[PDB]
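Below is one structure; the comments refer to it alone.
Chains as they are written, first to last, in the deposited numbering: chain E, 1596 to 1667; chain Y, 390 to 435; chain G, 968 to 1015; chain U, 1019 to 1066; chain W, 9 to 260; chain F, 1065 to 1112.
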């Protein structure tokens, strides 16, 4: 068994290489998708919020906006 | 340049300077833009 | 104590600020108010 | 050694004090003014 | 070591692939190179080819293969310069500017050799200086200028229109020997077609862009029918900001 | 050349908007390609 595994390690190193690549993929993939969706939606709601009603209030009077931002 | 209040002079008339706002996403107090704008401009930084 | 009074790299630093920075946040050094006029003095004049 | 140990300890404390102040466990780049300019009570406790 | 390595050769790392035979053939080519270098040092005249601002060891991106451009540079242009030198020595025109050769030989049949060679020398130069390898996007001020003339109610319509008029002008010069220029008349822009042995300085215009419409320019790549494709590519590779600063200097 | 092809196709519209577009939710972190885009356009770098 050792002679065998050793032989195919020294001859064909990249089988273990790719095996470990896929191992790692299947391990870490879903955490990464969570991070992606969360951040993207972060900039998403952040982005659309600029057309909201609160922003329509920002332009007519800025002082009430900033005041109730600091207190709010 | 217009008759709007920046958040800057709102702070000067309240007397909070720049330090007190610290839990708020605004960095540059002297720009004229909404809070959401401030969030999107600094978003890639964190 | 003689290095800070004359802003040394002031024209470069001014250029960098004006081109790459928003005017809301930028500090601009003026050469006129700087010791020699922000320049290097003519040769034999400056006592060295 | 033992300067470095103490030093490192108080840093660790100060930084886990600033970045998550409420101990929720996630990194916060927008800390309250009270957590930033606030002094560690561990210093006072050590004096005591 | 740069001085010691001959003109064409590239200086690189030994991969130890050289069999002794070709290794000796190389030294022999180098010896020959030294000899021909010694004779070119004495054959040197007043004028010379311009140094290229960009590496042409490979082709000019999106435009020329290596062989095309180096058939322009190291074949036609250098002949033009040998001619120019042969005929500007032993004459009142010895050792003057490229201009004062172009301008004082203008419109005379007797000095037609000198004038033709001179103007071709200039055209080739300005052509090389008109090519920026990966191309460039035309600057705002120049776009504003061009739009006020060529543009009909469209956004930078002046760019598509200018790169159209250049195509048309190129196709309308039938002889395939000459140059197409975008120039500033001093009161307005226009795209002019110069025949071989004629130059924008000779007609006292101010050149902005040059395009080489000689058949020898596009033959190795685009064949004999490929002129349209050729021009279209030229605009991928042209240099606008140059044309702009020349324009702005012309105005003041 | 890539720089001006991009600045040509994007045209006027918001960089950030474009970034939220070119990533559907599950595609990639927006902060990453925002960072790499900024560092590529100005401060010209090889794009990641």
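Beta carbons: idealized from backbone N, C-alpha and C, even for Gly.
CB contact check: residue i to chain E, cutoff 8 Å
i                       : result
residue 1102 of chain F : no
residue 393 of chain Y  : yes
residue 434 of chain Y  : no
residue 1079 of chain F : no
The ligand FAD heavy atom lying under 7 Å from the CB of residue i
i                       : result
residue 1097 of chain F : Because no ligand of any kind appears in the structure shown, any question about the ligand FAD cannot be addressed here.
Below-8 Å beta-carbon distance, residue i vs any chain Y residue
i                       : result
residue 1642 of chain E : yes
residue 1645 of chain E : yes
residue 1657 of chain E : yes
residue 1636 of chain E : no
residue 1099 of chain F : yes
residue 1105 of chain F : no
residue 1607 of chain E : no
residue 1054 of chain U : yes
residue 1664 of chain E : yes
residue 1047 of chain U : yes
residue 1095 of chain F : yes
residue 1653 of chain E : yes
Simplified DSSP state of residue i, which is helix, strand or coil
i                       : result
residue 188 of chain W  : strand
residue 425 of chain Y  : helix
residue 72 of chain W   : strand
residue 1606 of chain E : helix
residue 157 of chain W  : coil
residue 1021 of chain U : helix
residue 148 of chain W  : helix
residue 1048 of chain U : coil
residue 1031 of chain U : helix
residue 78 of chain W   : helix
residue 1086 of chain F : helix
Bridge-paired residues (DSSP) for residue i
i                      : result
residue 203 of chain W : W/186
residue 197 of chain W : W/192
residue 218 of chain W : W/189
residue 246 of chain W : W/139
Within-8 Å CB hit, residue i to chain F
i                       : result
residue 405 of chain Y  : no
residue 143 of chain W  : yes
residue 401 of chain Y  : no
residue 1628 of chain E : yes
Opening and closing residue of the alpha helix (DSSP H) in which residue i lies
i                       : result
residue 134 of chain W  : 120 to 137
residue 49 of chain W   : 28 to 51
residue 175 of chain W  : 165 to 180
residue 86 of chain W   : 86 to 96
residue 1099 of chain F : 1094 to 1105
residue 1609 of chain E : 1609 to 1643
residue 979 of chain G  : 977 to 987
residue 1072 of chain F : 1066 to 1073
residue 224 of chain W  : 223 to 230
residue 992 of chain G  : Note, residue 992 of chain G: premise wrong, no alpha helix (DSSP H); not H, not E.
residue 1012 of chain G : Counting along the chain, residue 1012 of chain G falls outside any alpha helix (DSSP H), and DSSP gives it neither H nor E.
residue 115 of chain W  : No alpha helix (DSSP H) holds residue 115 of chain W; DSSP gives it neither H nor E.
residue 1651 of chain E : 1648 to 1655
residue 104 of chain W  : Note, residue 104 of chain W: premise wrong, no alpha helix (DSSP H); not H, not E.
residue 393 of chain Y  : Careful: residue 393 of chain Y lies outside any alpha helix (DSSP H) and carries neither H nor E.
residue 17 of chain W   : Neither: residue 17 of chain W is in no alpha helix (DSSP H) and is coded neither H nor E.
residue 212 of chain W  : Run containing residue 212 of chain W: none; DSSP gives neither H nor E here.
residue 417 of chain Y  : Counting along the chain, residue 417 of chain Y falls outside any alpha helix (DSSP H), and DSSP gives it neither H nor E.
Proximal residues to residue i (C-beta, below 7 Å), its chain only, five neighbours per side dropped
i                       : result
residue 1001 of chain G : 973, 974, 977
residue 134 of chain W  : 215, 218
residue 1604 of chain E : 1611
residue 1094 of chain F : 1083, 1084, 1087
residue 136 of chain W  : 58, 60
residue 18 of chain W   : none
residue 255 of chain W  : 150, 153, 192, 216
Within-8 Å CB hit, residue i to chain U
i                      : result
residue 418 of chain Y : no
residue 425 of chain Y : no
residue 430 of chain Y : no
Neighbour flag for residue i against chain W, beta carbons, 8 Å
i                       : result
residue 1068 of chain F : yes
Sequence-distant residues of its chain with Cβ nearer than 6 Å to residue i (five each side left out)
i                      : result
residue 200 of chain W : 189, 191
Chain-order list of residues whose beta-carbon lies under 8 Å from that of residue i (same chain, five-residue window excluded)
i                       : result
residue 1060 of chain U : 1028, 1031
residue 1653 of chain E : 1660
residue 1045 of chain U : 1037, 1038
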